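Let me begin by presenting the structure, written as C-alpha cells, before commenting on it.
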Amino acid sequence: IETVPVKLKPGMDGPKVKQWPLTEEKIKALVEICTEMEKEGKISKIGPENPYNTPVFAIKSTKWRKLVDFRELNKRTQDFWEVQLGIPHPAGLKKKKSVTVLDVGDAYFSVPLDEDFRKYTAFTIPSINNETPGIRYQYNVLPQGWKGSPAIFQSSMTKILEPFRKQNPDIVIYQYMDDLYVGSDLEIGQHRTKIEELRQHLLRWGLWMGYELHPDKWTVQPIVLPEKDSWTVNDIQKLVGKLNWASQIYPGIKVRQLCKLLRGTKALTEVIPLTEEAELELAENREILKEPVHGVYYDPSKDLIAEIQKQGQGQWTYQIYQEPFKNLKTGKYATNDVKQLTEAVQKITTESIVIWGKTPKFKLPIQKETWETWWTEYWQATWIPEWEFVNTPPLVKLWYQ
Amino acid sequence: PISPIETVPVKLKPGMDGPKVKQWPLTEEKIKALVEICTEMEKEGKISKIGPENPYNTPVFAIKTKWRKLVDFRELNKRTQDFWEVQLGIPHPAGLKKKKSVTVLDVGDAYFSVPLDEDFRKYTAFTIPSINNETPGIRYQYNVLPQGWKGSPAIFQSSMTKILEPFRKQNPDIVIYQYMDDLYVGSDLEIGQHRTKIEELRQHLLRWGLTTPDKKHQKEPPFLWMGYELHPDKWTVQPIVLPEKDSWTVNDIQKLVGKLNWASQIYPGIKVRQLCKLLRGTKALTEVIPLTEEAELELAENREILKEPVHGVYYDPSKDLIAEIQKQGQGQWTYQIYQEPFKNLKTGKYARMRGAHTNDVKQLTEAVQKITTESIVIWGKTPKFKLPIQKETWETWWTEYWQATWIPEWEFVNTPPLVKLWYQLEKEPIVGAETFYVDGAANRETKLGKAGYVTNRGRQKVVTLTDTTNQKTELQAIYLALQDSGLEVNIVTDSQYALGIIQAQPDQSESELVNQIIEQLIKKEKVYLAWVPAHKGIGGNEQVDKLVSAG
Ligand SMILES: Cc1cc(C#N)cc(C)c1Oc1nc(Nc2ccc(C#N)cc2)nc(N)c1Br
C-alpha cells in the first residue's frame, strides 16, 4: 500500500532509551527471530547515524516471542495515535457477559511504515559481556507495540470486521494495541463459536486470565469491617482509623459514636462493650462501603493511576484512581512475589483497558531493580504499562482487608 | 589507504547550517608546517583543494618533537547530528573464555582510512592562512574521517564491524574484540596455525583499506588490557602499589580508594569505608588528612590482602556460577563468584545504604540483586547464591514484610556473621504490659518541642526539647516510652512516619535517635506498636496531646 505519513511534529525528539541486560537465551531467541524478520523485509540493519533506541526483550508457552518497549515512542507520538487517528472506546464493552482477547498484531507486519518515521523504531540486540557491538535494526513495517500501528490500520481493521459486525450487531469489538477485544452477552458455547467464526474472517486477510473475561461479574472489593462478638480497645482503634480513613473517600461515614467508646486512658487488651448507637453506626457504614463511591467519575483527560499492596500469603489488593484516594475501582488478586505481582499487573491492566480504553500508571511495591531483572520472565502481554516504584505506607495495607 | 566500504550519511542538526568560523592569522612556522602536512595528506587523498564558493570554514592550528595538525571542530560538532553510542560497555575478564594464543593488532591512521559522506565533506572545509592574512588562503576539505569530529568514533566502528562481518562468519573458531584503533584477537590454535589465521585477517583488512603492523611487530603474554593483566588461562589487575606516606592529602586518599576499589575485582575482602569517611567535608585536594585509628586499621588489612598476588579464572560456559556473600562489617558486604570451589572468576564488594534506615536482611537482598544484574551482564546468566542467612530467617522476613522481595536459587552457608533480624514486633497487643500513649509537638517557629506520654497505669512524663521538628518529637516520645518502660510494652502513636520506620525492623540508621530506639527494642522481650489518628479525641491520644501542647 501507500504509507500514512507520521509525525512527532513539535520539539519532542525521538527515543534514546538504554537497553536493559538480557540473559543468554533471550538474546539468542532474539537473533533467531530477527534474522527471519530481516529476511522477510520487516526490519533492516541500521548504521550509527541512528541515535534512537528503544529496548527489546523476549517472552514466552513453548515458542519465544519478541517484545519491544515503545513506551517512550508512544509517549512522544501521542498527538497522532490519540487526536489525529483515535480509536473510540466503547462504553458497552464492560457490560458484556463474556469478553475474549485475540492477538491480531501479525496484521501490522503487512502494512509498511512511513519511510521518514522508520528511524525512530531503532532497537539493539546486545551481547554477552559486551564482546561484540550489538546488532542494530529498525522497522520497515508497522511494529507491534507502538500505539501508532493500530491507529493506521484501523481503516483496514474496519473493512475486515464489516461483515461480522453487520451479521452480529450485538457483538462489540474493540481494538487495543495488538489485541482485539470481543464482547457478547451470548451463552458461552455460542460466544465461543462466534469467536472461531471471527477468527476465520481474519484468517482470510492474514491471521492469570484463563480463557475469556467476564466483565458483568466485576464487582469492587468493599472495605470490610470485621464482625465481632467481642471488642478490645485495640480493635476499636483499628476500627476508628480504618473508618476515619474511609471518610475521606466515602461521603456519609460517621465515627463519633465509637470515639465515645474510647473514653479515658486505657489498656489495649481491655475489652469494652458495644453501644446502641455504636453498633447502629457500624452497620450504617458497612452499608456505605459496599456500594461504590458517590462523587467519583472518570475524566478522560487525566491519567489513570493504580496502586497495589502485598497482603501476605499470595494475596494482593489494588486501587485505580485518578485523584488520590477517590477510587474508581478497587480489587483483589489471588508461587513467588514477582511472578504474582506481574500477574496482578497484567490483570489490572486488562480490566483497565476494557473499562476506559487506557492503561494505568502503576505504583509498584518492589525494588526497581528486582522488578527490572525479573519482570520479563513471567510477563505474557504485548503491551507494557507505565510504572514507578513506591514504598507501600503500612497503614493503607491494613485499611484494605 | 581509504577503504572502499560505502559511506555513512550524515547530516547537521535540523535547525542548523554548517559552521563559518574565522581563521585566526597564524605564525609562519605554523603556516609552513600546515602547508607541509596538508600537501602530503592531499597526495594520499585525505583532503582535496577547493574554491571560495564553498562558504564553510573551521580553524586549523599546529602544535609541536615534530609538527601536528590540530583542527577545532567545536562548532561543527555542536552543529552535527547526534549518533549512537559506540560501545554500551566493556567486557570483563571474568566473562572471557581462556585462549591458547592471542595477538593484538593496531590499525594505522584509522580515521584517515575511512571515507566521509560526500554530501558532508563540504562542511569540513578549513583554511591555511597566508603570511599576515594579506592574501587568500589555501582551502581544503576532508574526504575522510577527521580527527576530533563528533562522528569519527562511531562511523569508524561501524565500518570496521561491517568489514569484519564476513571474516568472523568464515572463522567461527577465532575471536576478535574491536576497541578503537585496536583489534584484539585470540584462538585456541597453536602458535603457527594461529599466526597464519592472523595473516588471513591482515590481508583481509588490507583488502578493505586498513593497514596494520608487520608479522613480527606484535606482543606476547602477559597482555595489559584496560587495567587488567591478562594471561592465557588466568587474569588479575595491573599491578597495584599502595604508597607509604607519612602525610595523606585528599588527592592521595582519593587515588587510593580508586586503586583499592579497582583492586576489589579480584582481591577478596578489600574494604574502603573508613578511608572514605575521611573524604566527607569539602577540603582542598592538597589538604592533609590525619588518619584515624580505624582508617589505619583498615589500610593495613588491605595491605595484607595485597602483599601476595591473587589471580582469577576465566569462564566456562558449561558449568554453573556460584556466588557467595559475606557480611564483613556494618553496611559492608563482600562476595566472590566462582564455578569450581575457590577458583574465583571475580570478587567484589557492596556497601550501600538505600534510604535512611535499613536492616541486614534488606541489605543482603540488595546485595543479591546487584550481583544478579552484574551476572546477567558478564555471563548472561544468574548464579546460585550461597548466603549467610537461615532459610527460616528469610522466610519470616519476606512473608511479613510489605515490599515484594524475591531472590533466586540459594542456600544457607554457615559463614558468620549470620544475617538475623534482631527484634520482632508483636502482632497482637500484650496483656499485663503497660500501654504508653505517646505524642510529640513542636512549634514550627520557636522550634522548641515537647515529647511525652501517658499510660493506662497512670504514669505521665513530658520532657522539653529544643531545636527539633514534629518528626523528631514523635520519635523522642517513643524513645521515652521504651526507656521508662518494662520488658513488655504496648505503645500507641499518631505518627504514621514513626510506625513506618519501626515497623520495618531497622537495625541500622542514619539518625542517632533511631539508633537509640533500636537499642531499646533489642533489650525488650515484647513490643507491640499501634497507630491512631491524631486529634480525633481518642481515649489517651487526647490526654497526651493536651500535656504536650504548650509551646
Ligand atoms: C582476544 C582478546 C585479547 C585481549 C587482550 N589483550 C582482550 C580481549 C577482550 C580479547 O577478547 C577476548 N578474549 C577472551 N579471552 C582471553 C583469554 C586469554 C587472554 C590472554 N592472555 C586474553 C583474552 N575471550 C573473548 N571472548 C574475547 Br572477545
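In the C-alpha cells, chains take letters A, B, ... by order of appearance, with residues numbered from 1 within each chain and ligands from 1 in the order shown.
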Task: Within 8 Å of ligand 1 (only C-alpha atoms and all ligand atoms), residues as a VMD selection string - done: (chain A and resid 131 to 132) or (chain B and resid 91 to 93 95 to 104 175 to 177 184 to 187 221 to 225 229 to 235 314)
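The shell of residues at most 6 Å from stretch 316-328 of chain A, with only C-alpha atoms counted and near chain neighbours (fewer than 5 positions) removed, consists of residues 249, 304, 305, 306, 307, 308, 309, 310, 311 and 333 of chain A.
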- [ ] Report the residues of stretch 454-549 of chain B whose backbone DSSP state falls under strand (DSSP E), written as a ChimeraX atom specification.
- [x] /B:454-455,460-465,488-493,508-509,526-531
Residues as selected, C-alpha atoms, written as an mmCIF file, in the first residue's frame, can you do that?
data_model
loop_
_atom_site.group_PDB
_atom_site.id
_atom_site.type_symbol
_atom_site.label_atom_id
_atom_site.label_comp_id
_atom_site.auth_asym_id
_atom_site.auth_seq_id
_atom_site.Cartn_x
_atom_site.Cartn_y
_atom_site.Cartn_z
ATOM 1 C CA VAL B 454 0.517 8.990 79.349
ATOM 2 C CA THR B 455 -0.232 5.424 80.490
ATOM 3 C CA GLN B 460 2.896 10.758 82.762
ATOM 4 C CA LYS B 461 6.241 12.248 81.737
ATOM 5 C CA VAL B 462 6.644 15.241 79.444
ATOM 6 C CA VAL B 463 10.157 16.363 78.515
ATOM 7 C CA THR B 464 11.209 19.501 76.734
ATOM 8 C CA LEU B 465 13.357 19.513 73.735
ATOM 9 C CA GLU B 488 6.977 -5.977 77.674
ATOM 10 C CA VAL B 489 5.213 -2.822 76.352
ATOM 11 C CA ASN B 490 2.378 -1.652 74.177
ATOM 12 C CA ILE B 491 2.943 1.781 72.558
ATOM 13 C CA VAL B 492 0.327 3.775 70.796
ATOM 14 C CA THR B 493 1.161 6.657 68.402
ATOM 15 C CA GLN B 508 20.919 0.422 61.209
ATOM 16 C CA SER B 509 20.267 4.131 60.916
ATOM 17 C CA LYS B 526 7.992 -7.876 73.707
ATOM 18 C CA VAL B 527 6.786 -4.790 71.945
ATOM 19 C CA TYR B 528 3.519 -4.021 70.298
ATOM 20 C CA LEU B 529 3.034 -0.843 68.359
ATOM 21 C CA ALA B 530 -0.222 0.631 67.217
ATOM 22 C CA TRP B 531 -1.457 3.684 65.448
#
Task: For residue B:200: contacts at 12 Å, only C-alpha atoms, fewer than 6 positions along chain excluded, given as a PyMOL selection string - done: chain B and resi 164+167-168+170-171+174+193-194+206-207+215
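Each of B:105, B:94, B:323, B:389 was checked against chain A using only C-alpha atoms; the smallest atom-to-atom distance is that of B:94.
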Please report as a tab-separated table every residue of chain A lying within 8 Å of chain B, along with the nearest atom pair and their distance in Å (one decimal), using only C-alpha atoms.
residue	atom	partner	partner_atom	distance
A:21	CA	B:377	CA	5.9
A:22	CA	B:376	CA	6.5
A:23	CA	B:380	CA	4.3
A:24	CA	B:380	CA	4.5
A:25	CA	B:380	CA	7.9
A:47	CA	B:158	CA	6.8
A:48	CA	B:84	CA	5.1
A:49	CA	B:83	CA	5.1
A:50	CA	B:83	CA	6.0
A:51	CA	B:84	CA	4.2
A:52	CA	B:84	CA	7.1
A:128	CA	B:380	CA	5.7
A:129	CA	B:378	CA	4.3
A:130	CA	B:91	CA	5.0
A:131	CA	B:91	CA	5.8
A:132	CA	B:177	CA	6.9
A:133	CA	B:87	CA	6.1
A:234	CA	B:429	CA	7.6
A:237	CA	B:532	CA	6.3
A:238	CA	B:532	CA	7.3
A:240	CA	B:532	CA	7.8
A:241	CA	B:532	CA	5.8
A:244	CA	B:533	CA	7.8
A:259	CA	B:538	CA	6.0
A:262	CA	B:539	CA	4.6
A:263	CA	B:539	CA	4.8
A:264	CA	B:539	CA	4.6
A:265	CA	B:540	CA	4.2
A:266	CA	B:456	CA	4.7
A:267	CA	B:456	CA	5.5
A:268	CA	B:429	CA	6.6
A:269	CA	B:431	CA	5.7
A:309	CA	B:402	CA	7.3
A:310	CA	B:402	CA	5.5
A:311	CA	B:402	CA	7.2
A:312	CA	B:399	CA	5.8
A:313	CA	B:399	CA	6.9
A:336	CA	B:406	CA	7.0
A:337	CA	B:404	CA	5.5
A:338	CA	B:404	CA	6.6
A:341	CA	B:404	CA	7.9
A:365	CA	B:403	CA	5.1
A:366	CA	B:404	CA	4.9
A:367	CA	B:405	CA	7.6
A:369	CA	B:369	CA	7.0
A:370	CA	B:369	CA	6.3
A:373	CA	B:373	CA	6.8
A:391	CA	B:403	CA	7.2
A:392	CA	B:402	CA	7.0
A:393	CA	B:500	CA	7.1
A:394	CA	B:500	CA	6.6
A:395	CA	B:496	CA	7.6
A:397	CA	B:402	CA	8.0
TODO: For atom CA of residue A:350 and atom CA of residue A:302, determine how far apart the two atoms are, in Å to one decimal place.
DONE: 18.8 Å
Open item on the list: I'd like to know which of A:85, A:37, A:27, A:233 is closest to residue A:57, using only C-alpha atoms.
Closed with: A:27
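Of the listed residues A:253, A:186, A:93, A:274, the one whose atoms come nearest to residue A:227 is A:274, with distances taken using only C-alpha atoms.
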TODO: Choose the residue, out of A:75, A:358, A:94, A:260, that has the smallest atom-to-atom separation from residue A:217; count only C-alpha atoms.
DONE: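 Counting only C-alpha atoms, the residue closest to residue A:217 is A:94.
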TODO: Please run DSSP on the backbone and report, as a PyMOL selection string, all residues within stretch 82-318 of chain B that come out as alpha helix (DSSP H).
DONE: chain B and resi 118-121+152-170+191-206+250-263+273-277+293-307
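The nearest approach to residue A:66 among the residues A:89, A:166, A:28, A:9, with only C-alpha atoms taken into account, belongs to A:28.
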Task: Spatial neighbours of residue A:119, max dist 12 Å, only C-alpha atoms, sep filter under 6 positions, as a list in words - done: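 Listed by chain and then number, they are residues 6, 7, 13, 14, 15, 16, 43, 44, 45, 46, 47, 48, 49, 50, 51, 52, 53, 54, 73, 113, 136, 137, 138, 139, 140 and 141 of chain A.
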TODO: Go through B:445, B:525, B:214, B:512 one by one, measure the shortest atom-to-atom distance of each to residue B:424 using only C-alpha atoms, and give the residue with the smallest value.
DONE: B:525
Task: Selection: 7 Å around residue B:72, only C-alpha atoms, excl. self and same-chain fewer than 5 positions, as a list in words - done: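 Once the adjacent positions are removed, what remains is residues 58, 59 and 60 of chain B.
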Would you output that residue set with N, CA, C and O atoms, as a PDB file, in the first residue's frame?
ATOM      1  N   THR B  58      36.450  26.170   9.209  1.00  0.00           N
ATOM      2  CA  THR B  58      36.828  25.839  10.568  1.00  0.00           C
ATOM      3  C   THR B  58      38.281  26.259  10.801  1.00  0.00           C
ATOM      4  O   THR B  58      39.072  26.492   9.871  1.00  0.00           O
ATOM      5  N   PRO B  59      38.646  26.387  12.043  1.00  0.00           N
ATOM      6  CA  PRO B  59      40.032  26.758  12.279  1.00  0.00           C
ATOM      7  C   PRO B  59      40.989  25.605  12.391  1.00  0.00           C
ATOM      8  O   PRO B  59      40.629  24.532  12.844  1.00  0.00           O
ATOM      9  N   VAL B  60      42.239  25.908  12.082  1.00  0.00           N
ATOM     10  CA  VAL B  60      43.320  24.957  11.977  1.00  0.00           C
ATOM     11  C   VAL B  60      44.368  25.570  12.809  1.00  0.00           C
ATOM     12  O   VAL B  60      44.478  26.782  12.821  1.00  0.00           O
TER      13      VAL B  60
END
Leaving out stretch 34-45 of chain B and any residue of its chain fewer than 2 positions from it, which residues lie within 9 Å of it when counting only C-alpha atoms, given as a CSV table (one decimal) with N, CA and C atoms, in the first residue's frame?
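Saved as around_22.csv:
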chain,number,residue,atom,x,y,z
B,1,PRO,N,45.5,3.9,3.1
B,1,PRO,CA,44.6,3.8,2.0
B,1,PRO,C,43.3,4.4,2.5
B,2,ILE,N,42.2,4.1,1.8
B,2,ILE,CA,40.9,4.7,2.2
B,2,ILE,C,39.9,3.6,1.7
B,29,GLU,N,56.1,29.6,10.9
B,29,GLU,CA,56.4,28.3,11.4
B,29,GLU,C,55.2,27.5,11.1
B,30,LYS,N,54.0,27.9,11.6
B,30,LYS,CA,52.8,27.1,11.7
B,30,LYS,C,52.3,27.1,10.3
B,31,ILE,N,52.2,28.2,9.6
B,31,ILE,CA,51.8,28.2,8.2
B,31,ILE,C,52.6,27.2,7.5
B,32,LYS,N,53.9,27.2,7.7
B,32,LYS,CA,54.8,26.3,6.9
B,32,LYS,C,54.4,24.9,7.2
B,47,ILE,N,42.7,14.8,1.9
B,47,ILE,CA,42.0,16.1,1.7
B,47,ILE,C,42.1,16.5,0.3
B,48,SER,N,41.1,17.3,-0.2
B,48,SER,CA,41.1,17.9,-1.5
B,48,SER,C,41.0,19.4,-1.5
B,49,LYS,N,41.7,20.1,-2.3
B,49,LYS,CA,41.6,21.5,-2.5
B,49,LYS,C,40.3,21.9,-3.0
B,60,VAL,N,42.2,25.9,12.1
B,60,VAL,CA,43.3,25.0,12.0
B,60,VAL,C,44.4,25.6,12.8
B,61,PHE,N,45.2,24.8,13.5
B,61,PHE,CA,46.2,25.2,14.3
B,61,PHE,C,47.3,24.2,14.2
B,62,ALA,N,48.5,24.4,14.7
B,62,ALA,CA,49.6,23.4,14.7
B,62,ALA,C,50.3,23.5,16.0
B,67,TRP,N,55.8,18.6,14.1
B,67,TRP,CA,54.5,19.3,13.9
B,67,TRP,C,53.3,18.4,13.7
B,68,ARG,N,52.2,18.9,14.2
B,68,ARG,CA,50.9,18.2,14.2
B,68,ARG,C,49.7,19.2,13.8
B,69,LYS,N,48.8,18.7,13.0
B,69,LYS,CA,47.7,19.5,12.7
B,69,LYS,C,46.6,19.3,13.7
B,128,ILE,N,44.3,27.3,5.2
B,128,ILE,CA,45.6,27.7,5.7
B,128,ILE,C,45.8,29.2,5.3
B,138,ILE,N,44.8,28.8,1.3
B,138,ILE,CA,44.6,27.6,0.6
B,138,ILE,C,43.4,26.9,1.3
B,140,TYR,N,41.0,23.5,1.6
B,140,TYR,CA,40.9,22.1,1.6
B,140,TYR,C,39.7,21.7,2.4
B,142,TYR,N,37.8,17.7,3.9
B,142,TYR,CA,38.1,16.2,4.1
B,142,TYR,C,37.3,15.3,3.3
B,143,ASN,N,38.0,14.2,2.9
B,143,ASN,CA,37.4,13.2,2.1
B,143,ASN,C,37.3,12.0,3.0
B,144,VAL,N,37.8,12.1,4.2
B,144,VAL,CA,37.8,11.0,5.2
B,144,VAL,C,37.5,11.5,6.6
- [ ] Excluding residue A:355 and residues on its chain fewer than 2 positions from it, collect all residues at most 12 Å away from it, counting only C-alpha atoms, and give them as a VMD selection string.
- [x] chain A and resid 89 to 96 99 174 176 181 214 to 216 218 298 300 304 320 328 to 329 348 to 353 357 to 360
TODO: Report the distance between atom CA of residue B:420 and atom CA of residue B:485 in Å, rounded to one decimal place.
DONE: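 Here the two named atoms are 25.2 Å from each other.
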